[PDB]
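Two versions of one and the same chain are coming, encoded as structure tokens; call them structure 1 and structure 2.
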Structure 1
């Protein structure tokens, strides 16, 4: 596009598609280098991008949310609107990058604003064509997808406070521990060496101590945690070095000069299953309930005079597994408020009711978690200390107890082979073409994703639908939605009403959609992310 005489004076008419180029960054830190709009065959280019911002009523076009971030920094209430990226993601979730989308649905996404604006216009008409004939996919767009871009616009622009005194004061502590570990690694091999150097580590392992190999073999350390105590200590050095270098020492260098907060980038077109994602920092890989990963959570604090409110969905994937299954026995564990891990152990072992167990329940949790994606017997054995005789027979005790779960898995794989895709409760779908693939490594993979996608995906949609419904109501209480990770949402509310916001959030989240099983929401009010844990 466009042809004839097409440049026009700024401003554009309402409903024009915006295009923008930012300075090679992420929006709360970037400069608006160029802005333009396309409508009806003509393109409007901004004289000066920042003053131009105030003429748009809404940002509609590719990556609309990232212009709302920039625009909230500056202090403008510019909502995001139609975004082709969201159409293309609903069409097929492997559409993750605008570069990807441009190549599939005709287009070349380039570094020039009027050009990104014209592409936004075409792709919206193309993609919306493809979609009005899809009831479930339109609903998701109007009721979850486009409302969520508003919430993510605010979450990302608002930010979370950090406690830099403590982050500095945690760096030396973990640095000290790296020192003791390294002293151990040293009077265990004999003399000092550079743990961070491949030649020296090959020499000490495969020559000086004579450990068995010729990293070198495959990724030997991950496999040789059985010979000397040292390979254990080496891995502990390597993971504490990774945590020090990615979530303690970087984190004060991302606090923002103008706001004083960290600005996590929230992406909603990144994961396979429709779950949100974080970028700098990537919150999902902070080890949860582990001393170190809890030590990092103490660093996120509320503003002086506010309280954090963290809310968590209890067993969201087993609760949606009982609903999509139809399993009377899994439904009744939660409908009567029973501990799924005890009750599973009761059924599985048939021990006269719930009595003199404990061990049975550790085996019950391990099958419970392991079915969720497909924990094979030998893995089941390696985790839950058994051999490959009881191992198989426990997969089968689980499905004698909860047999419609197997019905559901056999159903969904059959439906996945025929239809060519699986779908969440709401209609979001992932295409699984490899289910018949005749190469074992990949066909098993397709079958993990086909069963995972209805569970994880529905868990996602419920969290997503609970956020768009909660956002308006928190606004008229003065509260703010800050962070979303795994199945948890973190709010900030002033002290004077932290109690009441906690009440409303829990209530909207447990009642988001009528399921066959009660959704449970755990809520904690505290001055930092770790104290709110309750």
Structure 2
């Protein structure tokens, strides 16, 4: 292109180079812009940001986050990645997109600006006529990128000293467990090495091997295997407690305090918008979509996520979301009725599983029902179900027969979805988000049946993900007008931060927005809670 001087005319496509992938931690090494056959390279990239009215180009949200970090309101606009991601959600990285639609992703801001321009022209062209995908782009993904940029730049407060103290406590408990494991093994070894543990359990000790690993065919030491060996030897019980504690310590307790941002004093994740095959978001660096909650220790970790002084956290979580979506997508009269009568299937399966009435179901029991209810729905085998619930085989088969007869039109929808996917090569959500599944006609059974379970899962999970994204787009402006903040999204959950005096009003309004985002044949119920910490806010 013809190199022209900075600044660029309005509407130009930006290219930028970061010192590291995390925009909140990155140094802006270079900045450029392309438009009208010209390329504009900025002398000083930081001051050159102030000249742009919009981040338009590849990975636009990342540059918008860095601008917010510097106190600049530079919103993200068009991004070829979002167009490619809607065309085919396997388009997840700029390296692939560039190769597939006419360019090369280099490490130079100018070339990245020119690439953004060329890729947008070609991808925008491939989308004309795909009115449903364009609707998703204009009404969901492009507006959503702006919401996510603000979430990423805002961050969440964390009780550092609390986790620091917790680490020392867990460390002492880990030493007690590993000391008994070594004694029981007769000698010490690296208990973190599953290869070394394999020998101790199955070679030195006489324990039987329950299963093999996928890629290398070693004797597995997974929780499901150790759980099956729980009575075969006392050492097994302690290895499971050792695994729980080292998992939480090495993944959450120790790394998270070291990630507080020096300017903000808060913890900043990244919400990746083109990372999943179903339309869900993902979270990384750090992932805040898998903070513990199951075990008592996991709850102590979740308590570390707190509200700023004078504020409160507001947590909103859709009820039985993918089951409600299934009712709407399938049209099953019976399942619709279940939610019109305010029934809760997780609680019901839980009572069934545990031989305990609804009133006596605790939060932990209900969680176990989710694996069952969603396991069965998405193709779980009778054999495994029997093994998970520790009950005979015929009983497990009976649960699955009862499950689907209760809602006959589900299997009809599954079959229509698969037949539709074989003819067109893709399945779609309620809004037209597509996932290509070419293995539906594979002539290897395992490969084909795997494709089938991914295929008919995507419309359900992806529709729920669509609803949440749309709700986030509608809610964000209402929160700014109330002086509240959107902090985290966990698939079907939102965590907000609100001034104490407006916390209750924010909770009400956020609940209404999420429930009336897009009415279905069943009502969307949202559970909401308020508290000083994340755990308190979901009760």
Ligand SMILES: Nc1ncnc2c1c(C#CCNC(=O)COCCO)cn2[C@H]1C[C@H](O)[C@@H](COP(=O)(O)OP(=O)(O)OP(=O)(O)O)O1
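Here the rigid core means the biggest group of C-alpha atoms that line up within 1.5 Å when the two forms are laid on top of each other. Residue numbers count along the first chain shown, from 1.
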Between the two chains shown, which is the form solved without the ligand?
1
Let me spell it out: fit the two forms on their rigid core, measure each listed C-alpha, and pick the one of 158, 329, 285, 94 that moves 2 Å or more between structures 1 and 2. Which is it?
285
Kindly check if the Cα atom of residue 115 is displaced 2 angstroms or more between structures 1 and 2 relative to the superposed rigid core.
no
Rigid core fit then residue 409 CA moved by 2 Å or more between structures 1 and 2:
no
Rigid core aligned, does the Cα position of residue 432 differ by 2 Å or more between structures 1 and 2?
no
Per-residue CA shift, residue 197 (Å; core superposed between structures 1 and 2):
4.9
Rigid-core fit: what Cα movement does residue 350 have between structures 1 and 2, in Å to one decimal?
17.0
Please give the CA displacement of residue 519 between structures 1 and 2, in Å, after core superposition.
0.4
